[PDB]
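> Got a structure for you, start.txt, holding compact mmCIF, C-alpha atoms and all ligand atoms.
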```
# COMPACT_ATOMS: atom_id res chain seq x y z
CA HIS A 1 -2.40 -66.03 -0.85
CA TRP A 2 -0.35 -63.34 0.73
CA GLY A 3 1.80 -63.94 3.76
CA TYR A 4 5.14 -63.08 5.36
CA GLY A 5 7.44 -65.44 3.43
CA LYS A 6 10.09 -64.81 0.80
CA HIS A 7 7.70 -65.53 -2.04
CA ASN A 8 4.49 -63.94 -0.74
CA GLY A 9 5.65 -61.33 1.79
CA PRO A 10 5.20 -57.57 2.10
CA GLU A 11 7.43 -56.77 -0.89
CA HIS A 12 4.99 -58.73 -3.08
CA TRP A 13 1.70 -57.34 -1.74
CA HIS A 14 1.48 -54.42 -4.18
CA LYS A 15 0.82 -56.83 -7.08
CA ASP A 16 -2.59 -57.79 -5.65
CA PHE A 17 -3.15 -54.64 -3.55
CA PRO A 18 -1.70 -51.65 -5.42
CA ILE A 19 -2.62 -49.31 -2.56
CA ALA A 20 0.47 -50.84 -0.88
CA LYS A 21 2.40 -48.03 -2.61
CA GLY A 22 -0.11 -45.38 -1.53
CA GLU A 23 0.15 -42.03 0.21
CA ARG A 24 -0.85 -43.01 3.77
CA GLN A 25 0.48 -46.52 4.38
CA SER A 26 1.38 -47.99 7.77
CA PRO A 27 3.43 -48.76 9.79
CA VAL A 28 5.94 -45.88 9.98
CA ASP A 29 8.98 -44.96 12.00
CA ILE A 30 8.15 -42.41 14.68
CA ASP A 31 10.99 -39.85 14.74
CA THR A 32 10.60 -38.45 18.24
CA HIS A 33 12.46 -35.23 17.41
CA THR A 34 10.24 -34.47 14.40
CA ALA A 35 6.90 -35.38 16.01
CA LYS A 36 4.91 -32.25 16.82
CA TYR A 37 3.43 -31.67 20.24
CA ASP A 38 -0.20 -30.64 19.66
CA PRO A 39 -1.75 -29.02 22.77
CA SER A 40 -5.19 -29.25 21.14
CA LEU A 41 -5.14 -33.06 21.36
CA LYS A 42 -7.33 -34.25 24.14
CA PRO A 43 -6.78 -37.23 26.45
CA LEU A 44 -7.82 -40.65 25.24
CA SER A 45 -11.02 -42.05 26.74
CA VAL A 46 -10.89 -45.85 26.96
CA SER A 47 -14.15 -47.34 28.28
CA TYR A 48 -13.68 -51.13 28.40
CA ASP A 49 -15.46 -52.04 31.68
CA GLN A 50 -18.42 -53.58 29.78
CA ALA A 51 -16.37 -55.46 27.16
CA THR A 52 -17.68 -58.88 26.07
CA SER A 53 -15.07 -61.11 24.48
CA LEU A 54 -16.29 -63.99 22.34
CA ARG A 55 -13.68 -66.18 20.65
CA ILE A 56 -9.97 -66.52 20.00
CA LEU A 57 -8.85 -67.72 16.58
CA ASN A 58 -5.78 -68.44 14.48
CA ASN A 59 -6.46 -66.81 11.12
CA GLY A 60 -3.25 -67.99 9.48
CA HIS A 61 -1.37 -64.70 9.83
CA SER A 62 -1.88 -63.84 13.53
CA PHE A 63 -4.25 -64.74 16.34
CA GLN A 64 -7.27 -62.56 17.17
CA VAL A 65 -9.60 -62.17 20.11
CA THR A 66 -13.02 -60.95 18.96
CA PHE A 67 -15.59 -58.90 20.87
CA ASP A 68 -19.32 -58.24 20.74
CA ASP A 69 -19.59 -54.94 18.84
CA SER A 70 -23.40 -54.86 18.46
CA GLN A 71 -23.71 -52.21 21.21
CA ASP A 72 -21.52 -49.49 22.75
CA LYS A 73 -19.90 -51.78 25.35
CA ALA A 74 -16.16 -51.25 24.85
CA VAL A 75 -15.50 -47.92 23.18
CA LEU A 76 -12.65 -45.56 22.42
CA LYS A 77 -13.28 -41.82 22.32
CA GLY A 78 -11.36 -38.59 22.65
CA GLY A 79 -7.76 -38.19 21.63
CA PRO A 80 -7.75 -37.12 17.98
CA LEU A 81 -11.08 -38.85 17.26
CA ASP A 82 -14.55 -37.51 16.66
CA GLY A 83 -17.35 -39.69 17.76
CA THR A 84 -17.39 -43.15 19.18
CA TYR A 85 -15.38 -46.15 18.07
CA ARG A 86 -16.31 -49.72 19.13
CA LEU A 87 -13.74 -52.41 19.92
CA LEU A 88 -13.95 -55.27 17.41
CA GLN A 89 -10.86 -57.41 17.94
CA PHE A 90 -7.29 -57.38 19.09
CA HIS A 91 -4.29 -59.25 17.70
CA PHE A 92 -0.49 -59.18 17.83
CA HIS A 93 2.56 -58.99 15.58
CA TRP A 94 5.80 -60.52 16.87
CA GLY A 95 9.28 -61.58 15.90
CA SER A 96 11.55 -64.59 15.85
CA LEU A 97 14.03 -62.76 18.14
CA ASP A 98 13.46 -60.23 20.91
CA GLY A 99 14.88 -57.29 18.95
CA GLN A 100 12.31 -57.48 16.16
CA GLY A 101 8.59 -57.96 15.88
CA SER A 102 6.88 -54.58 16.21
CA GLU A 103 5.49 -52.84 13.15
CA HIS A 104 5.92 -49.25 14.25
CA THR A 105 9.39 -48.25 15.35
CA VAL A 106 10.49 -45.39 17.57
CA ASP A 107 13.69 -43.68 16.40
CA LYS A 108 14.30 -46.91 14.40
CA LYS A 109 14.06 -48.99 17.58
CA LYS A 110 12.08 -52.23 17.16
CA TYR A 111 10.16 -53.83 20.02
CA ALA A 112 9.59 -57.56 20.51
CA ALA A 113 5.92 -57.38 19.59
CA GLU A 114 3.04 -55.00 18.97
CA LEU A 115 -0.55 -55.26 20.17
CA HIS A 116 -3.29 -53.76 17.97
CA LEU A 117 -6.78 -53.01 19.36
CA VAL A 118 -9.00 -52.42 16.31
CA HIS A 119 -12.02 -50.09 16.68
CA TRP A 120 -14.56 -48.85 14.12
CA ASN A 121 -16.51 -45.60 13.88
CA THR A 122 -20.16 -46.21 14.82
CA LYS A 123 -21.46 -43.50 12.51
CA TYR A 124 -20.83 -45.88 9.58
CA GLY A 125 -23.07 -48.63 10.99
CA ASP A 126 -20.86 -51.67 10.42
CA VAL A 127 -17.15 -52.30 10.13
CA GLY A 128 -17.34 -53.10 6.41
CA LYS A 129 -18.64 -49.62 5.65
CA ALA A 130 -16.07 -48.05 7.98
CA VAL A 131 -13.14 -49.54 6.02
CA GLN A 132 -14.31 -47.45 3.02
CA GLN A 133 -13.92 -44.16 4.93
CA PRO A 134 -10.79 -42.12 5.73
CA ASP A 135 -11.87 -41.90 9.41
CA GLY A 136 -13.43 -45.35 9.62
CA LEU A 137 -11.09 -47.20 11.99
CA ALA A 138 -8.96 -46.34 14.99
CA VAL A 139 -6.24 -48.77 15.99
CA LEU A 140 -4.59 -48.47 19.39
CA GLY A 141 -1.01 -49.73 19.17
CA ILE A 142 0.91 -50.92 22.23
CA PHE A 143 4.55 -52.01 22.21
CA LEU A 144 5.73 -55.11 24.08
CA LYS A 145 9.21 -55.35 25.54
CA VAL A 146 10.70 -58.44 27.19
CA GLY A 147 11.12 -58.13 30.96
CA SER A 148 8.66 -58.91 33.75
CA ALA A 149 5.54 -60.97 33.06
CA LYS A 150 2.24 -59.23 32.31
CA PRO A 151 -0.35 -61.04 34.48
CA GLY A 152 -3.28 -59.85 32.35
CA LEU A 153 -1.77 -61.56 29.30
CA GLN A 154 -1.45 -65.03 30.83
CA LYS A 155 -5.02 -66.14 30.05
CA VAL A 156 -4.28 -65.54 26.34
CA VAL A 157 -0.94 -67.38 26.57
CA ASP A 158 -2.49 -70.44 28.22
CA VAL A 159 -5.09 -71.01 25.48
CA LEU A 160 -2.70 -70.74 22.49
CA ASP A 161 -2.10 -74.51 22.46
CA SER A 162 -5.75 -74.96 21.46
CA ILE A 163 -5.47 -72.72 18.37
CA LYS A 164 -2.05 -73.83 17.18
CA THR A 165 -2.88 -74.07 13.46
CA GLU A 166 -4.69 -71.97 10.86
CA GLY A 167 -8.49 -72.01 11.15
CA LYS A 168 -8.68 -73.21 14.76
CA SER A 169 -10.81 -71.24 17.20
CA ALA A 170 -11.88 -71.54 20.83
CA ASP A 171 -14.40 -69.98 23.17
CA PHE A 172 -12.72 -67.08 24.93
CA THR A 173 -15.25 -65.37 27.19
CA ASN A 174 -14.88 -62.93 30.10
CA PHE A 175 -11.49 -61.60 29.05
CA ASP A 176 -10.84 -58.06 30.30
CA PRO A 177 -8.67 -56.09 27.83
CA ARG A 178 -7.91 -53.43 30.47
CA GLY A 179 -5.20 -55.81 31.73
CA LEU A 180 -3.21 -55.16 28.54
CA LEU A 181 -2.87 -51.37 28.95
CA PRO A 182 0.19 -49.47 30.20
CA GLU A 183 -0.06 -46.98 33.07
CA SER A 184 0.16 -43.90 30.85
CA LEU A 185 -2.07 -43.14 27.87
CA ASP A 186 0.29 -40.58 26.28
CA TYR A 187 0.34 -41.21 22.54
CA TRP A 188 1.47 -40.34 19.06
CA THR A 189 -1.09 -40.19 16.29
CA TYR A 190 -1.06 -40.08 12.50
CA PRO A 191 -3.37 -41.01 9.60
CA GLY A 192 -2.53 -44.39 8.10
CA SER A 193 -3.72 -47.75 6.86
CA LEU A 194 -4.29 -51.36 7.75
CA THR A 195 -0.92 -53.13 7.84
CA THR A 196 -2.29 -56.30 6.27
CA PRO A 197 -4.18 -56.69 2.99
CA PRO A 198 -6.36 -55.03 1.86
CA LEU A 199 -4.12 -52.23 3.27
CA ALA A 200 -7.06 -49.82 3.20
CA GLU A 201 -6.23 -46.20 4.04
CA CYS A 202 -8.93 -45.87 6.68
CA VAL A 203 -7.08 -45.84 10.02
CA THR A 204 -6.37 -43.18 12.60
CA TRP A 205 -3.37 -44.66 14.38
CA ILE A 206 -2.94 -44.04 18.10
CA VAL A 207 0.41 -45.46 19.26
CA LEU A 208 1.10 -45.43 22.99
CA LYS A 209 4.44 -44.11 24.24
CA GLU A 210 4.72 -46.53 27.17
CA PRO A 211 5.42 -50.19 26.31
CA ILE A 212 4.13 -53.05 28.39
CA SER A 213 6.56 -55.72 29.55
CA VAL A 214 5.97 -59.43 28.98
CA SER A 215 8.17 -62.28 30.04
CA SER A 216 10.41 -64.36 27.80
CA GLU A 217 8.18 -67.37 28.54
CA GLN A 218 5.05 -65.49 27.45
CA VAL A 219 6.45 -64.33 24.09
CA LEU A 220 8.00 -67.75 23.53
CA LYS A 221 4.50 -69.23 23.40
CA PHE A 222 3.54 -66.79 20.61
CA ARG A 223 6.42 -68.21 18.56
CA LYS A 224 5.04 -71.77 18.74
CA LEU A 225 1.91 -70.99 16.78
CA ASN A 226 1.81 -72.18 13.16
CA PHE A 227 1.05 -70.42 9.89
CA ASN A 228 0.04 -73.79 8.42
CA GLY A 229 -3.19 -75.69 8.87
CA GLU A 230 -3.47 -78.94 10.77
CA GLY A 231 -1.87 -81.89 9.01
CA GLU A 232 0.42 -79.67 6.90
CA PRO A 233 4.20 -79.21 7.23
CA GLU A 234 4.93 -77.00 10.23
CA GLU A 235 5.91 -73.38 9.60
CA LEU A 236 6.27 -71.39 12.81
CA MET A 237 4.20 -68.21 12.98
CA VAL A 238 6.98 -65.63 13.55
CA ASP A 239 7.92 -62.30 12.00
CA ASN A 240 4.37 -61.45 10.99
CA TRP A 241 5.16 -57.75 10.77
CA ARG A 242 5.20 -55.29 7.89
CA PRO A 243 8.29 -53.07 7.60
CA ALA A 244 7.99 -49.31 8.00
CA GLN A 245 6.61 -47.37 5.03
CA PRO A 246 7.41 -43.86 3.74
CA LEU A 247 5.85 -41.06 5.74
CA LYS A 248 5.27 -38.92 2.59
CA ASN A 249 3.01 -35.88 3.23
CA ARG A 250 2.11 -36.66 6.83
CA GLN A 251 2.92 -35.23 10.26
CA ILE A 252 3.05 -37.37 13.41
CA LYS A 253 1.51 -35.53 16.36
CA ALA A 254 2.33 -36.14 20.02
CA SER A 255 -0.03 -35.73 22.97
CA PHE A 256 2.88 -34.95 25.26
CA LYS A 257 6.03 -32.90 25.73
ZN ZN A 301 -2.11 -55.37 13.39
```
Starting from the file, lay out its structure as structure tokens.
Ligand SMILES: [Zn+2]

Amino acid sequence: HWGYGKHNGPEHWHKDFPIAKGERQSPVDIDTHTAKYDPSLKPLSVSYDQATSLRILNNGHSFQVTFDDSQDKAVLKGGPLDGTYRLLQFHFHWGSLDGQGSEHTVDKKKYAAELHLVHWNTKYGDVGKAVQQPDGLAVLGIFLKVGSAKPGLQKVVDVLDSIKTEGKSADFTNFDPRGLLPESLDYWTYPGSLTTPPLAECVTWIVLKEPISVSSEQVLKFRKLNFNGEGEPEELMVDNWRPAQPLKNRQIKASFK
């Protein structure tokens, strides 16, 4: 399959997924002097108090925490969105060194990692239908910088030993994703795509201005996960990020001055 190596990485993906060269691919560089302040953008509404996490799993390209999305329990509304989007999963992208790892960049600056909270539009009934629609998904992107530890991340860090290799999963209940959010919800937004295959152009991106800080010890434990399955030669799971794609005929909007 596809991956992040020399022989199967992002520069190869277009051969199996020709939309890789499409008109609204992600991630992009956010040029802060070209982003347009839009006063008609409304504040984000993040309602996660009733979130029910289920499992954590190594899927061979990242690790994901999955949630119960059978009811409106953890939802994202407002901002640039119409209607209600349910939280499905979150996952990360990170680097081998602290100056790389994020997918979006800000004035070409890379962060050490990027957190994606993936939500789908309830009017389409299930997430599979939503991926077929230009407004089907909303992904909330949060940058990680290395500094002080993030206490709300430690429960994720401490379970990573149990999902070291591809295909492993573990029970991961009662995790509160509100502990991963920055203080401010100011954001940029633009229409884009999934950043992994199938690279579907179905995503409203909401990228928060304020990074969260995590400690060197916390990010170091991300870098000990494996791309390989158990009993295979060890390949560290690092640099699972797609490089920035051409902005083409799109405008990035900012919620703030
Ligand atoms: Zn992602």
> List every residue of region 199-237 of chain A that has an atom at most 9 Å from any atom of region 135-144 of chain A, and for each one report the closest atom pair and its distance in Å to one decimal, counting only C-alpha atoms, with rows sorted by chain and then by increasing residue number, as JSON lines.

```
{"residue": "A:201", "atom": "CA", "partner": "A:135", "partner_atom": "CA", "distance": 8.9}
{"residue": "A:202", "atom": "CA", "partner": "A:136", "partner_atom": "CA", "distance": 5.4}
{"residue": "A:203", "atom": "CA", "partner": "A:137", "partner_atom": "CA", "distance": 4.7}
{"residue": "A:204", "atom": "CA", "partner": "A:138", "partner_atom": "CA", "distance": 4.7}
{"residue": "A:205", "atom": "CA", "partner": "A:139", "partner_atom": "CA", "distance": 5.3}
{"residue": "A:206", "atom": "CA", "partner": "A:140", "partner_atom": "CA", "distance": 4.9}
{"residue": "A:207", "atom": "CA", "partner": "A:141", "partner_atom": "CA", "distance": 4.5}
{"residue": "A:208", "atom": "CA", "partner": "A:142", "partner_atom": "CA", "distance": 5.5}
{"residue": "A:209", "atom": "CA", "partner": "A:142", "partner_atom": "CA", "distance": 7.9}
{"residue": "A:210", "atom": "CA", "partner": "A:143", "partner_atom": "CA", "distance": 7.4}
{"residue": "A:211", "atom": "CA", "partner": "A:143", "partner_atom": "CA", "distance": 4.6}
{"residue": "A:212", "atom": "CA", "partner": "A:144", "partner_atom": "CA", "distance": 5.0}
{"residue": "A:213", "atom": "CA", "partner": "A:144", "partner_atom": "CA", "distance": 5.6}
{"residue": "A:214", "atom": "CA", "partner": "A:144", "partner_atom": "CA", "distance": 6.5}
```
> Just checking: using all atoms listed in the file, which residue out of A:77, A:1, A:119, A:93 ends up closest to ligand ZN 301 (chain A)?
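Checking each of A:77, A:1, A:119, A:93 against ligand ZN 301 (chain A), counting all atoms listed in the file, the winner is A:93.
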> Find the residues near ligand ZN 301 (chain A). Use a cut-off of 9 Å, count only C-alpha atoms and all ligand atoms, and write them as a PyMOL selection string.
chain A and resi 62+90-93+103+114-118+139+141+194-196+241
> Might you pull out every residue within 12 Å of residue 18 (chain A), with only C-alpha atoms counted and same-chain residues fewer than 5 positions away left off, and present them as a PDB file with C-alpha atoms, in the coordinates of the input?

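Done, and the output landed in result-v5.pdb:
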```pdb
ATOM      1  CA  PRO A  10       5.200 -57.570   2.100  1.00  0.00           C
ATOM      2  CA  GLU A  11       7.430 -56.770  -0.890  1.00  0.00           C
ATOM      3  CA  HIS A  12       4.990 -58.730  -3.080  1.00  0.00           C
ATOM      4  CA  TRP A  13       1.700 -57.340  -1.740  1.00  0.00           C
ATOM      5  CA  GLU A  23       0.150 -42.030   0.210  1.00  0.00           C
ATOM      6  CA  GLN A  25       0.480 -46.520   4.380  1.00  0.00           C
ATOM      7  CA  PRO A 197      -4.180 -56.690   2.990  1.00  0.00           C
ATOM      8  CA  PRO A 198      -6.360 -55.030   1.860  1.00  0.00           C
ATOM      9  CA  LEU A 199      -4.120 -52.230   3.270  1.00  0.00           C
ATOM     10  CA  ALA A 200      -7.060 -49.820   3.200  1.00  0.00           C
ATOM     11  CA  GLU A 201      -6.230 -46.200   4.040  1.00  0.00           C
TER      12      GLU A 201
END
```
> In Å, rounded to a single decimal, give me how far CA of residue 96 (chain A) is from CA of residue 5 (chain A).
13.1 Å
> With distances taken over only C-alpha atoms, which of A:122, A:226, A:218, A:105 is nearest to residue 30 (chain A)?
A:105
